[PDB]
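Undergrad: Coordinates only, no sequence provided:
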Ligand SMILES: [Ca+2]
Ligand code: NI
């Protein structure tokens, strides 16, 4: 009612269909009056891997400190349209809190261990058009309560 006032905006920094990396950019805004503990916030980006390989996420920049933002990869089960995996982004306790009426960006990249290609065009979360942050319901966010933003595939 006031405990999940996290607005999520998104765009892709690189929008090549055949791409050796995926470039998720999130902007998270606390739209309410109470602080949000980032350690409990998770984000998902859903995609089809187009050849499974070890993958790595890097956070290149966030005001909370990029080393405090990490990513892991999980398989969808069952797979569905546009989604056989998701990236899950998490924040450490050192990321701190997101104050009332403030926002942070989370900018990063992921790639396969052998740098082989993805097809971005079929990915559930991919936005082929946005060049700026946009309120995007095809990425999801979570608190300790579970889902707080978006539509899971
Ligand atoms: Ca794909
Ligand atoms: Ni609430």
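TA: Yes, it's here. Numbers count the residues shown, from 1 in each chain. Ligands and ions are numbered 1, 2, ... in the order given.

Undergrad: Quick check: phi and psi at the closest residue to residue 73 other than its chain neighbours.
TA: Nearest residue to residue 73 in three dimensions, chain neighbours excluded: residue 55, at 5.0 Å (C-beta to C-beta, 6 or more residues apart in numbering). C-beta: built from backbone N, CA, C; applies to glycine. Phi and psi for residue 55, reported as degrees, to the nearest 10, are phi -130, psi 150.

Undergrad: Residue 55 reaches residue 114, doesn't it?
TA: No. Using C-beta atoms under 8 Å, residue 55 makes no contact with residue 114, being 10.3 Å away.

Undergrad: quick one: which of these two has more around it?
TA: Shown here are residue 55 and residue 114; by other C-beta atoms under 10 Å, residue 55 has more neighbours (17 against 9).

Undergrad: Any idea what the more buried one is bridged to?
TA: residue 112 (DSSP bridges).

Undergrad: Let me see the contact set for it.
TA: Taking C-beta atoms under 8 Å, 6 or more residues apart in numbering as the criterion, residue 55 is in contact with 49, 73, 87, 110, 111, 112, 113.

Undergrad: swap in residue 122?
TA: Residue 122 makes contacts with 48, 82, as judged by C-beta under 8 Å, 6+ apart.

Undergrad: distance of it from residue 52?
TA: Counting by C-beta to C-beta, to the nearest Å, the gap from residue 122 to residue 52 is 15 Å.

Undergrad: Check residue 132 too.
TA: Separation of residue 132 from residue 52 (C-beta to C-beta) stands at 32 Å.

Undergrad: Mind checking which of the two has more residues around it?
TA: The neighbour comparison of residue 132 against residue 52 (other C-beta under 10 Å) goes to residue 52, with 11 against 8.

Undergrad: so the more buried one sits in a strand?
TA: No. Counting by DSSP: H, G, I helix; E, B strand; the rest coil, residue 52 is not found in a strand; it is coil.

Undergrad: Quick one: residues contacting it.
TA: By C-beta under 8 Å, 6+ apart, residue 52 lies in contact with residue 85.

Undergrad: and what of the one 4 residues further on?
TA: By C-beta under 8 Å, 6+ apart, residue 56 lies in contact with 71, 110, 111, 113.

Undergrad: How about residue 60?
TA: Residue 60 is in contact with 66, 107, 108, 109, counting by C-beta under 8 Å, 6+ apart.
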